[PDB]
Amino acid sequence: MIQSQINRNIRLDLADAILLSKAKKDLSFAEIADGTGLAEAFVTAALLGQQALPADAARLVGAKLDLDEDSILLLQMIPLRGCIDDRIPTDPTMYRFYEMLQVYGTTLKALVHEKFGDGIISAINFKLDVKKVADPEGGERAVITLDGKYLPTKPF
């Protein structure tokens, strides 16, 4: 894929249409990603404008959601990424993930440098997943796994 976007509004407008069609068909994101060979977090992110789908997956989810030909093509374009309206989320569900950064951001830095060294944990060579588990005290917990490659910073 060599085609890319520069205005996030195009794919994000498509995301809204996808969500409406998805709600009318009573579909889940697991169901949509089923048969694509791709993880639910990757396929979901693509629908929401933050990843590009291969052609085969794009045609599959486009059929499932009744998308027109322009929209199936748009899902394959490399996006202009950035899902937050204005830098800091207002939505409580999204905000809690930002709050984890406000509380543990420097701890993440410190422990990455202690265990790996100078450099970063990648957000590109990177996998994400969300699992629901029982809480032994009652209720449920989300176990969200961030799996990123360590890239070192060395002198040159």
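Residues carry their position along the shown sequence, with the first being 1.
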Of 143-151 and 17-25, which one has the bigger average CA B-factor?
17-25
Stretch exceeding the other in mean C-alpha B-factor - 93-101, 28-36:
28-36
Among 63, 120, 108, 41, single out the one with the highest C-alpha B factor in the record, please.
63
Residue with maximal Cα B-factor (values as given in the PDB entry) among 88, 58, 45, 112
58
For residue 83, does the deposited CA B-factor place it in the lowest, middle or highest third of the chain?
lowest
